[PDB]
Amino acid sequence: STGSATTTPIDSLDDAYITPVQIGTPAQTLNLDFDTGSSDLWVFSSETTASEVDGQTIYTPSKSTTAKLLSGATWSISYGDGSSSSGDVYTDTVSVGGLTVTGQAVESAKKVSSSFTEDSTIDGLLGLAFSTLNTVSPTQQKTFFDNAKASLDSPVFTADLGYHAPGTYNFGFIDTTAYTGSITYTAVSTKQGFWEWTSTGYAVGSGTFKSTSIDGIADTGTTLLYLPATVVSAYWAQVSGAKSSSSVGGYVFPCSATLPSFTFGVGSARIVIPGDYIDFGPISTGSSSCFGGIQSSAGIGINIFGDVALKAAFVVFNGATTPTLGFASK
Ligand SMILES: NCc1ccc(C(F)(F)F)cc1
């Protein structure tokens, strides 16, 4: 079997991506944020504290004839950005573009953090990292991709994020018309439960390629590209007027700048992120200072190849016996 759905940026900045998901019987469609950095399928629901709901579509488990309360199961997750959500668990039918999973754990949120309430376009998350990170207690649950794995034509899922445009999430197949050149595959470490790989280096604009091992995760649930301070300082040094702002909390640059591109290495292959992808608009409404899409991972502890990097490539999350990652120019 296969599944195919359109993913759309939530705003003019591509701050996040949403993909329609069908839950329950009859179908309740919610626009979820597919996150390859986490492993909980959680949704805004009829149980979420009223004041914490602000325009999101809710899942009403009592209106689904296939929904069953998972007795004694609770979940609570904390994200790298400081956001969090938690609640109880149900099992129900979930579908993504024709691909269906019966008895999938759907995590019903009783409480969400302010930044989830403030994003009216995101009805919850669909975790695509390894199931070892799933927070359901006392009995850990599997991911959507984990549950569908054996039924798929090929045990893979592809991410084709658009720049200021719709894109695609495919399950069980590789669309050979969706990219140019070949797909280059790289090793993955599943020790931290993330799609963790090692980049062979970088170049800034038309600059000389620096061969250096950069360990990081392929994360669709993170907006920006987080890289080591040395790499990031080399990039921003090419932008006249750019600096690191303590008040803003990162690198900022004059909105009138034409940003250089950024290349990352995938084995002997190269992925070019165009300059426009690194512009995240004014730091505050009306300001002539713009926020950068390339930031230092010094305070994080791990490098993150988020949407800024991933949207420049056709990305294969290969769930074979030994998982790998595939990257191609598009
Ligand atoms: N990295 C996971 C994640 C995804 C979305 C959000 C936000 F922005 F919706 F709160 C926070 C954290």
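Residues numbered from 1 in each chain as written, not as in the entry; some residues may be left out. Heavy atoms only, no water. Residues with missing side-chain atoms left out of burial classes, pairs and counts.

As annotated in the PDB entry, the protein chain carries the name Endothiapepsin and is attributed to Cryphonectria parasitica. Here the entry title, as the record gives it, is "Crystal structure of endothiapepsin IS_cryo1 in complex with TL00150 at 100 K". Database annotation for the protein chain, UniProt heading Sequence similarities: "Belongs to the peptidase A1 family." (UniProt positions renumbered as here; feature names shortened; annotations may be inferred.)

(A) Main features of helix α3 (residues 229-236). When we look at burial in α3, the residues that qualify are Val231, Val232, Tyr235 and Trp236. An end-on view of α3 places all buried positions within 125 degrees of arc, on one side of the element. (Buried < 20%, exposed > 50% of the residue type's maximum accessible area, 1.4 Å probe, protein only. Helix = DSSP H or I, 4+ residues; strand = E, 2+ residues; numbered from the N terminus. Arc of directions from axis to C-beta.)

(B) Up close: the site of the ligand. Lining the immediate environment of the ligand, one finds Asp33, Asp35, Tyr79, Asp81, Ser83, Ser115, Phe116, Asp119, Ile122, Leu125 and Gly221. Measuring from a nitrogen atom of the ligand, one finds a backbone N or O atom of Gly221 at 2.9 Å. Contact with the protein chains hides 83% of the accessible area of the ligand, taken as 320 Å² for the molecule alone. A molecule is said to occupy a pocket when more than half its atoms come within 2 Å of that pocket's grid points, and by this definition the ligand occupies the largest pocket. For the shell around the ligand, the elements supplying multiple residues, two or more each, are β3 (28-35) and α1 (114-117). Of the residues that constitute the shell around the ligand, the class distribution is four nonpolar, three polar and four charged. (Near = heavy atom within 4 Å. Polar contact = N/O pair within 3.5 Å; in protein donor to acceptor, adjacent residues only side chain to side chain. Areas by Shrake-Rupley, 256 points an atom, 1.4 Å probe, with all protein chains shown as cover. 1 Å grid on protein atoms, 1.4 Å probe; cavity = no way out; pocket = protein on both sides within 12 Å on 5 of 7 lines; lining within 4 Å. Sits in = over half its atoms within 2 Å of the grid points. Nonpolar A, V, L, I, M, F, W, Y, C, P; charged D, E, K, R; others polar.)

(C) Inspection of the sheet that holds strand β22 (residues 303-305) at higher detail. A sheet is described by the order of its strands in space; here seven strands give the open sequence β18-β17-β12-β13-β22-β14-β21, paired in mixed fashion. The strands lining the two open edges of the sheet, one partner per strand, are β18 (269-273) and β21 (294-296). Ignoring which end each strand starts from, the neighbouring axes of this sheet average 45 degrees apart. Where strand β13 (residues 210-218) meets β22, three bridges bridge the pair, whose relative direction is parallel. In the strand pairing of β22, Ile217 is matched with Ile304. (Pairing = 2+ DSSP bridges. Axes fitted to C-alpha atoms, helices over the stretch in contact; angles between N-to-C directions.)

(D) Local environment of the environment of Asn303. Considering the arrangement of structural elements, one finds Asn303 in strand β22. Apart from residues lying up to four places away in sequence, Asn303 is in contact with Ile214, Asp215, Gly216, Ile217, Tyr226, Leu227, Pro228 and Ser297. Of the polar contacts made by the side chain of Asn303, one reaches the backbone oxygen of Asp215; its length is 2.9 Å. (Contact = heavy atoms within 4.5 Å.)

(E) Structural context of unusual backbone geometry. In this model, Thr25 is joined to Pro26 through a cis peptide bond whose omega is -5 degrees. For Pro26, the location among the structural elements is in the loop between β2 (17-23) and β3. For the bond from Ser137 to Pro138, the omega torsion is 0 degrees, close enough to zero to count as cis. Here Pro138 lies in the loop between β8 (124-127) and α2 (144-148).

(F) View of the nonpolar core. The biggest cluster of nonpolar side chains holds 66 residues, and the ones touching the most others in it are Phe171, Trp236, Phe262, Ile273 and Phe327. At four residues, the largest contribution of residues to this core is made by α3. Domain assignment of the residues forming this core places at least three in each of domain 1 (5-174) and domain 2 (175-330). When neighbours within four sequence positions are excluded, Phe171 is seen to be in contact with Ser1, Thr2, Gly3, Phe34, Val96, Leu99, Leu128, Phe144, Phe145, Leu152, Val156 and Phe157. Counting 13 residues, the second largest nonpolar core, distinct from the first, contains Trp42, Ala105, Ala109 and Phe116. (Core = buried A, V, L, I, M, F, W, Y, C linked by side-chain atoms within 4.5 Å. Domains from an automatic or database assignment.)

(G) Seen up close, the packing of aromatic side chains. As enumerated under the stated definition, the model contains 25 aromatic pairs in all. With a centroid separation of 5.0 Å and an interplanar angle of 40 degrees, the aromatic rings of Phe34 and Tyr169 are classed as tilted. Within this pair, whereas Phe34 is found in strand β3, its partner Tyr169 is found in strand β10 (residues 167-171), the two being separated by 135 residues in sequence. Arranged with centres 5.0 Å apart and planes meeting at 85 degrees, the rings of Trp42 and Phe116 form a pair that is edge-to-face. Of the two residues, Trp42 is situated in strand β4 (residues 41-43) and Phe116 in helix α1; the sequence distance between them amounts to 74 residues. The burial state of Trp42 is the same as that of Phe116; both residues are buried. Just above the ring of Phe209 sits the side chain of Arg270; from NZ or CZ to the centre is 3.7 Å. Over the ring of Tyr277 we find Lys311; its NZ or CZ atom is 5.5 Å from the centre of that ring. (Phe/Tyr/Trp six-rings, centres within 6.5 Å; stacked < 30°, edge-to-face > 60°. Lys NZ or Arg CZ within 6 Å of the ring centre and 35° of its normal.)

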